[PDB]
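Visitor: Chains B and A, in that order, are what the protein sequence lines are. Anchor point for the first sequence: position 116 equals 116 in the authors' numbering, and the numbering is continuous, going up by one each time. Anchor point for the second sequence: position 64 equals 64 in the authors' numbering, and the numbering is continuous, going up by one each time. All residues carry an ideal CB built from backbone N, CA and C; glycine is no exception. Below is a structure I'd like to ask you about.
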Amino acid sequence: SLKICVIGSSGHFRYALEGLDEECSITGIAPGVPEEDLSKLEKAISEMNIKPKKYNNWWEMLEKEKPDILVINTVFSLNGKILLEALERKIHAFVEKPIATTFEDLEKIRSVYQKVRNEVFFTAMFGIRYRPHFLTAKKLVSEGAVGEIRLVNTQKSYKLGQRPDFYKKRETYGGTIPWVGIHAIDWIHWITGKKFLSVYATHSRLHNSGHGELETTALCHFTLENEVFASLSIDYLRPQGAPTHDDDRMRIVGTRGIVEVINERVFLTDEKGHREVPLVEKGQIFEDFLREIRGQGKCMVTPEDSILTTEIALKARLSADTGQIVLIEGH
Amino acid sequence: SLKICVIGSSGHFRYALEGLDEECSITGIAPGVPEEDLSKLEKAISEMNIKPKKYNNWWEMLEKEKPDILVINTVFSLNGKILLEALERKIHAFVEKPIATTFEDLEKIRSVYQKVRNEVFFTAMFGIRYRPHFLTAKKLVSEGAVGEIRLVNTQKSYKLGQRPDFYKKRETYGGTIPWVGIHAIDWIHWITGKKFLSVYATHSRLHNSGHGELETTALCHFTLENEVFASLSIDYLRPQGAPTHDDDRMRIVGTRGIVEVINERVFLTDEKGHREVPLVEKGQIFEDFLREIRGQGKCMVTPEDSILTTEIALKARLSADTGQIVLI
């Protein structure tokens, strides 16, 4: 079977809980920092009849539980440092994004992983890919529905509201482009299969509702291979009165047609006209992760994707902090 | 009454035709250049019961017909040269966008216009503003439905197809940023009422279906006052098989709400939820222009707007031709 431990309750640990099978058990949980609020995790756990040991000290949990798999979702700046530990201990890791908040932390993860990659797998929690509307978008693109991709637009818009204090310092938060925008950077990379050449980005922390250094708006412009451009519009300004927490959108413009993801639905315009497209069946990220660990399949969100998209997010944030175009390729 | 001459057939002359009343008459038409195809214009006037004298060149038409209003829509690089002439002669002009394809022409127009502005009026063919969905978005934002604006997204997507040959060269075309994109530049300016501070933009002519130097795709990133950002996605890649020629969109994100224009409809999202908004009655750009000339009201697309949005468009094209952030 597989023994799984969890550190933190500050991210999308639900992706892991919803992917558990009969050959997994969660044997331990721990906060990443002493005062981390474990409410959401602890409530979710009881509701499924599983009884893990609670530790105060995650390091001690690692030594005692010896898990095969670690789910990491704590203070955002700390996720990367715990990931590095997991990799050195050769514990497979399922880690919240971004997988690092500083270039130095990322370079350590990438260097170390290169040395241990034959023995340990990891990947980030890019669960949105697995929703029916994103899988369908990918399916169409792959089967030639838009022909050759020329232009991509993406949108992230989330309800902000009350968040843990660590969101208010850049040092622990890592910025809104890496936190929110990275989902869309991963969509772009995944859907185009193209290399990113450069980024120009801006962000603003004006009107952030007392959230300190947190950015409420950002806009990124990416140049990819073959003169393909992508825009990424980010806001933490989805009004409290909107029906859902999120408004994810993607538009993919090609030589033959245009695919749009909007409102959890997919539309296609081509030589035939404009129509809504029926959706493929949903996937589940942790089930895919587990298949990778068991040798039953390949997880489509790869460690290389997880490193690369974090790199791009940190480069976009650098661009926004310095008001300069930042090169990604060759770097 | 009022006498109107038209120069060219390569632009949105129908804005003018559809704004006529009984106190107007098209008396003269002329090509902007020797070989300019005037079929479109000629088909339209004849279908209307209008018999205007056609001239070999426009400058003789000006000499003879002494028009009150010049409607300028010829080869795009030329529109600004002709406008310059109209202003110097103090003829009111309704001119296609962009009003100039070079900084040099734009600057001449600014110089000359400051001279004659108390006597002569011009503006550019920004007719999309007058559609019910844009008028409604503008009223909602201006009334406070989104609170303070923070972020603006805009989209232009047009069917390309077969076009006059002057589209194929940058020198006569002016580029897809100033031809297609300028509509959205104007929307951003009008809706936010804020100054543009800088633009970063890219464009590409790959897979342009044999349209020579014409760019099929462009992306513009604007910074405005008060750290407001605006994006502008531009394509000539709306598939021929699409049901309409266009897919204009605008999304205005503010501190208290979001207004979206999409598929010619308007949606508002705030504290009370999301809903579709009933649209105000259409306007019509040439009617608005005519009230201005007749002292009956002010035209909402101003000469100053017209200069400023062409300035921004040329700046965005400069950024896209150089790879550099451009200060405005």
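1) Quick one: what's got a C-beta closer than 7 Å to B/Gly32's C-beta in the same chain, skipping five residues either side?
2) Which residues, in chain order, does the segment 166-196 of chain A contribute to contact with chain B at a C-beta distance below 7 Å?
3) Are B/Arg251 and B/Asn153 closer than 7 Å when you measure CB to CB?
4) Find out if the Cβ-Cβ distance for the pair A/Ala86, A/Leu70 is shorter than 7 Å.
5) Quick one, which of A/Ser10, A/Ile234, A/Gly11 and A/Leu151 has its alpha-carbon nearest A/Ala201's?
6) Mapping the DSSP letters down to three states, classify A/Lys282 as helix, strand or coil.
7) Which chain B residues sit within Cβ distance under 8 Å of A/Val277?
8) Scan the segment 21-46 of chain B for residues whose Cβ lies nearer than 7 Å to a Cβ of chain A and list them as they occur along the chain.
9) Span of the beta strand (DSSP E) holding B/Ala145?
10) If you draw a straight line from the alpha carbon of B/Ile307 to that of B/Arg110, how long is it in whole angstroms?
11) What are the boundary residues of the beta strand (DSSP E) that includes A/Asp235?
12) Here's the rule I'm using: 16 or more other beta-carbon atoms within 10 Å means buried, otherwise exposed. How should B/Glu65 be labelled?
13) Give the DSSP bridge partners of B/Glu18, in chain order.
14) Residues of the segment 252-275 of chain B in Cβ contact with chain A at a cutoff of 8 Å, in chain order, please.
15) Would DSSP call A/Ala242 helix, strand or coil?
16) Smallest Cα separation from A/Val112: which of A/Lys315, A/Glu304, A/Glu35 and A/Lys169?
17) Distance, Cα to Cα, B/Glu281 vs A/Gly283?
18) Got a sec: is the Cβ-Cβ distance from A/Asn153 to anything in chain B below 7 Å?
19) How many angstroms separate the CA atom of A/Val261 from the CA atom of A/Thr244?
20) Going by the DSSP bridge assignment, what does A/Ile45 pair with across the sheet?
21) Closer than 7 Å by beta-carbon distance: list the chain A residues that pair up with B/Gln240, in chain order.
22) Our contact map puts A/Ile182 next to A/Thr310 with C-beta atoms below 8 Å; I'd like the distance itself, whole angstroms only.
23) Does the beta carbon of A/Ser231 sit closer than 7 Å to a beta carbon anywhere in chain E?
24) I need the boundaries of the beta strand (DSSP E) containing B/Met61, first residue and last residue.
25) In angstroms with no decimal places, state the Cα-to-Cα distance between B/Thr101 and B/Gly80.
26) What would DSSP say about A/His183, mapped onto helix, strand or coil?
27) Do B/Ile285 and B/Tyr15 have their C-beta atoms within less than 7 Å of each other?
28) Quick one, which of B/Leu135, B/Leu41, B/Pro67 and B/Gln162 has its alpha-carbon nearest B/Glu264's?
29) Beta-carbon of A/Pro243 versus every beta-carbon of chain B: anything under 7 Å?
30) Shorter than 7 Å from the beta carbon of B/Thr101 to some beta carbon of chain A?
31) Using CA coordinates, which residue listed in B/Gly28, B/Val253 and B/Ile258 is at the minimum distance from B/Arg150?
32) Is A/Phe134 helix, strand or coil when you go by DSSP?
33) Whose CA, out of A/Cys5, A/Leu160, A/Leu140 and A/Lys53, lies closest to the CA of A/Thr216?
34) Classify A/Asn208: buried if its beta carbon has 16 or more other beta carbons within 10 angstroms, exposed otherwise.
35) Name the residue from A/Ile26, A/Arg163, A/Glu47 and A/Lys40 whose alpha carbon lies nearest to the alpha carbon of A/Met61.
36) Using Cβ-Cβ distances below 8 Å, what residues of the segment 127-158 of chain A are close to chain B?
Guide: This is what the structure holds:
1) Here the question's residue 32 of chain B lines up with position 32 in the first sequence. Same-chain partners within the cutoff: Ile7, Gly8, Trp58, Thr74, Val75, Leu78 and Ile82.
2) none
3) Residue mapping note: residue 251 of chain B aligns to position 251 of the first sequence, counting from 1. Residue mapping note: residue 153 of chain B aligns to position 153 of the first sequence, counting from 1. Cβ atoms of B/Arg251 and B/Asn153: closer than 7 Å.
4) Sequence index remark: in the second sequence, residue 86 of chain A carries index 86 (1-based). Sequence index remark: in the second sequence, residue 70 of chain A carries index 70 (1-based). Yes. Within cutoff.
5) Residue numbering aside, residue 201 of chain A sits at position 201 when the second sequence is read from its first letter. The shortest C-alpha separation from A/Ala201 is found at A/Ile234.
6) The sequence position of residue 282 of chain A within the second sequence is 282, counting from 1. Of the three classes helix, strand and coil, the one that applies to A/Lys282 here is coil, per DSSP.
7) Translated into the one-based positions of the second sequence, residue 277 of chain A becomes position 277. Ordered by position in chain B, no residue passes the 8 Å Cβ test against A/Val277, which lies about 15 Å from the chain.
8) none
9) Taking the first residue of the first sequence as 1, we reach residue 145 of chain B at position 145. Careful: B/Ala145 lies outside any beta strand (DSSP E) and carries neither H nor E.
10) The count along the first sequence starts at 1 and reaches residue 307 of chain B at position 307. The count along the first sequence starts at 1 and reaches residue 110 of chain B at position 110. Approximately 7 Å between the Cα atoms of the pair.
11) One-based indexing of the second sequence puts residue 235 of chain A at position 235. Here the beta strand (DSSP E) through A/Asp235 covers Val228 to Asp235.
12) Residue 65 of chain B sits at position 65 when you count from the first residue of the first sequence. Counting Cβ neighbours within 10 Å, B/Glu65 comes out buried, since at least 16 surround it.
13) Position 18 of the first sequence, counted from the first residue, corresponds to residue 18 of chain B. The partner list for B/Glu18 (beta bridge, DSSP) is empty, contrary to what the question assumes.
14) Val253, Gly254, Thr255, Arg256, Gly257, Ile258, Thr269, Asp270, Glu271, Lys272, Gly273 and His274
15) Along the second sequence, read from residue 1 onward, the residue named residue 242 of chain A stands at position 242. Note: A/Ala242 maps to coil in three-state DSSP.
16) For the purposes of this step, residue 112 of chain A is taken as the residue at position 112 of the second sequence. Cα-wise, what sits closest to A/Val112 is A/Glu304.
17) Stepping through the first sequence from its first residue, residue 281 of chain B is reached at position 281. Stepping through the second sequence from its first residue, residue 283 of chain A is reached at position 283. Cα to Cα, B/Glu281 sits roughly 47 Å from A/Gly283.
18) Along the second sequence, read from residue 1 onward, the residue named residue 153 of chain A stands at position 153. Closer than 7 Å: yes.
19) Position 261 of the second sequence holds residue 261 of chain A. Position 244 of the second sequence holds residue 244 of chain A. A/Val261 and A/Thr244: Cα-Cα distance of roughly 16 Å.
20) Taking the first residue of the second sequence as 1, we reach residue 45 of chain A at position 45. Paired residue(s): none; A/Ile45 is not in a bridge.
21) For the purposes of this step, residue 240 of chain B is taken as residue 240 along the first sequence, with counting starting at 1. Correct list: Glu271.
22) Residue 182 of chain A sits at position 182 when you count from the first residue of the second sequence. Residue 310 of chain A sits at position 310 when you count from the first residue of the second sequence. Going by Cβ atoms, the distance from A/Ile182 to A/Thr310 rounds to 7 Å, so yes, they are a contact pair.
23) No chain E is present in this structure, whose protein chains are B and A.
24) Walking along the first sequence from the start, residue 61 of chain B turns up at place 61. Unbroken run through B/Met61 is the alpha helix (DSSP H), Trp58 to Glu65; no beta strand (DSSP E).
25) Within the first sequence, numbered from 1, the residue matching residue 101 of chain B stands at position 101. Within the first sequence, numbered from 1, the residue matching residue 80 of chain B stands at position 80. Each residue's Cα considered, the two are about 7 Å apart.
26) In the second sequence, the residue the question calls residue 183 of chain A occupies position 183. A/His183 falls in the helix class under three-state DSSP.
27) The residue given as residue 285 of chain B occupies position 285 in the first sequence. The residue given as residue 15 of chain B occupies position 15 in the first sequence. In contact: B/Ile285 and B/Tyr15 (Cβ atoms closer than 7 Å).
28) Position 264 of the first sequence, counted from the start, is the residue given in the question as residue 264 of chain B. Ranking B/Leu135, B/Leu41, B/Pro67 and B/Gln162 by Cα distance to B/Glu264 puts B/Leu135 first.
29) Residue 243 of chain A sits at position 243 when you count from the first residue of the second sequence. It does; some Cβ of chain B falls within 7 Å.
30) Here residue 101 of chain B refers to the residue found at position 101 when the first sequence is read from its first residue. Closer than 7 Å: no.
31) As a first step, residue 150 of chain B must be located in the first sequence, where it is residue number 150. Taking only the C-alpha atoms, the option nearest B/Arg150 is B/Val253.
32) Reading the second sequence from its first residue, position 134 is the one you call residue 134 of chain A. Helix.
33) Locating residue 216 of chain A in the second sequence gives position 216, where the first residue counts as 1. Cα-wise, what sits closest to A/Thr216 is A/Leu160.
34) The sequence position of residue 208 of chain A within the second sequence is 208, counting from 1. It is buried - the Cβ of A/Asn208 has at least 16 other Cβ atoms within 10 Å.
35) Along the second sequence, read from residue 1 onward, the residue named residue 61 of chain A stands at position 61. Comparing Cα-Cα distances from A/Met61 to each of A/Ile26, A/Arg163, A/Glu47 and A/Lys40, the minimum goes to A/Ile26.
36) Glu148, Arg150, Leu151, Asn153, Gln155 and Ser157
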